Protein chains: 4
Amino acid sequence: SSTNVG
Amino acid sequence: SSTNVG
Amino acid sequence: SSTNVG
Amino acid sequence: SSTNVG
């Protein structure tokens with residue numbers, strides 16, 4: 001899984 | 001899964 | 001699954 | 001599944 005917040 | 005917030 | 005918020 | 005919010 002991956003979570004990316006710019 | 002992936003969650004991307006610009 | 002994927003969630004993308006611009 | 002996918003959810004995209006511009």
# chains A, B, ... in the order shown; residues from 1 in each chain; ligands from 1
>>> select_by_dssp(residues="chain C", states="strand (DSSP E)", output="JSON, numbers by chain")
{"C": [2, 3, 4, 5]}
>>> residues_around(residues="residue D:6", least_positions_apart="5", cutoff="12 Å", atoms="only C-alpha atoms", output="JSON list (two decimals) with N, CA, C and O atoms, in the first residue's frame")
[["chain", "number", "residue", "atom", "x", "y", "z"],
["B", 4, "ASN", "N", -3.69, 9.11, -2.97],
["B", 4, "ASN", "CA", -2.90, 10.26, -3.40],
["B", 4, "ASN", "C", -3.69, 11.54, -3.20],
["B", 4, "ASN", "O", -4.79, 11.67, -3.74],
["B", 5, "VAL", "N", -3.13, 12.48, -2.44],
["B", 5, "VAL", "CA", -3.75, 13.79, -2.25],
["B", 5, "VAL", "C", -2.81, 14.85, -2.78],
["B", 5, "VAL", "O", -1.69, 14.99, -2.28],
["B", 6, "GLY", "N", -3.25, 15.58, -3.80],
["B", 6, "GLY", "CA", -2.39, 16.55, -4.47],
["B", 6, "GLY", "C", -2.03, 17.71, -3.56],
["B", 6, "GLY", "O", -2.74, 18.00, -2.60],
["C", 3, "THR", "N", -7.52, 5.94, -4.59],
["C", 3, "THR", "CA", -8.22, 7.18, -4.33],
["C", 3, "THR", "C", -7.29, 8.34, -4.66],
["C", 3, "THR", "O", -6.22, 8.45, -4.06],
["C", 4, "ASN", "N", -7.70, 9.20, -5.59],
["C", 4, "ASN", "CA", -6.91, 10.35, -6.02],
["C", 4, "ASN", "C", -7.69, 11.63, -5.82],
["C", 4, "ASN", "O", -8.80, 11.76, -6.36],
["C", 5, "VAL", "N", -7.14, 12.57, -5.06],
["C", 5, "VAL", "CA", -7.76, 13.88, -4.88],
["C", 5, "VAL", "C", -6.81, 14.93, -5.40],
["C", 5, "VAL", "O", -5.70, 15.08, -4.90],
["C", 6, "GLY", "N", -7.25, 15.67, -6.42],
["C", 6, "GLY", "CA", -6.40, 16.64, -7.09],
["C", 6, "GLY", "C", -6.04, 17.80, -6.19],
["C", 6, "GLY", "O", -6.75, 18.09, -5.22]]
>>> residues_around(residues="residue C:1", least_positions_apart="2", cutoff="6 Å", atoms="only C-alpha atoms", output="list in words")
residues 1 of chain B; 1 and 2 of chain D
>>> write_last_selection(atoms="N, CA and C atoms", output="compact mmCIF listing (two decimals), in the first residue's frame")
# COMPACT_ATOMS: atom_id res chain seq x y z
N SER B 1 -3.16 -1.14 -2.62
CA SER B 1 -4.01 0.09 -2.62
C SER B 1 -3.15 1.34 -2.62
N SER D 1 -11.18 -0.97 -7.86
CA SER D 1 -12.02 0.26 -7.86
C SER D 1 -11.16 1.51 -7.86
N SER D 2 -11.76 2.63 -8.28
CA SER D 2 -11.05 3.90 -8.26
C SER D 2 -12.00 5.07 -8.01
>>> decode(residues="chain C", atoms="N, CA, C and O atoms", output="PDB file, in the first residue's frame")
ATOM      1  N   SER C   1      -7.171  -1.056  -5.243  1.00  0.00           N
ATOM      2  CA  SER C   1      -8.014   0.174  -5.243  1.00  0.00           C
ATOM      3  C   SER C   1      -7.155   1.427  -5.243  1.00  0.00           C
ATOM      4  O   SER C   1      -5.980   1.387  -4.869  1.00  0.00           O
ATOM      5  N   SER C   2      -7.749   2.542  -5.657  1.00  0.00           N
ATOM      6  CA  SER C   2      -7.046   3.817  -5.640  1.00  0.00           C
ATOM      7  C   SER C   2      -7.990   4.985  -5.391  1.00  0.00           C
ATOM      8  O   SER C   2      -9.114   5.016  -5.903  1.00  0.00           O
ATOM      9  N   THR C   3      -7.516   5.937  -4.594  1.00  0.00           N
ATOM     10  CA  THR C   3      -8.225   7.177  -4.335  1.00  0.00           C
ATOM     11  C   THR C   3      -7.290   8.339  -4.656  1.00  0.00           C
ATOM     12  O   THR C   3      -6.222   8.448  -4.062  1.00  0.00           O
ATOM     13  N   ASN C   4      -7.702   9.198  -5.588  1.00  0.00           N
ATOM     14  CA  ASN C   4      -6.906  10.349  -6.021  1.00  0.00           C
ATOM     15  C   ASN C   4      -7.694  11.629  -5.822  1.00  0.00           C
ATOM     16  O   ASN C   4      -8.796  11.757  -6.360  1.00  0.00           O
ATOM     17  N   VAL C   5      -7.141  12.568  -5.059  1.00  0.00           N
ATOM     18  CA  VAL C   5      -7.761  13.879  -4.876  1.00  0.00           C
ATOM     19  C   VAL C   5      -6.813  14.934  -5.404  1.00  0.00           C
ATOM     20  O   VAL C   5      -5.701  15.078  -4.901  1.00  0.00           O
ATOM     21  N   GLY C   6      -7.253  15.667  -6.421  1.00  0.00           N
ATOM     22  CA  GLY C   6      -6.398  16.640  -7.089  1.00  0.00           C
ATOM     23  C   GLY C   6      -6.037  17.800  -6.186  1.00  0.00           C
ATOM     24  O   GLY C   6      -6.746  18.090  -5.219  1.00  0.00           O
TER      25      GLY C   6
END
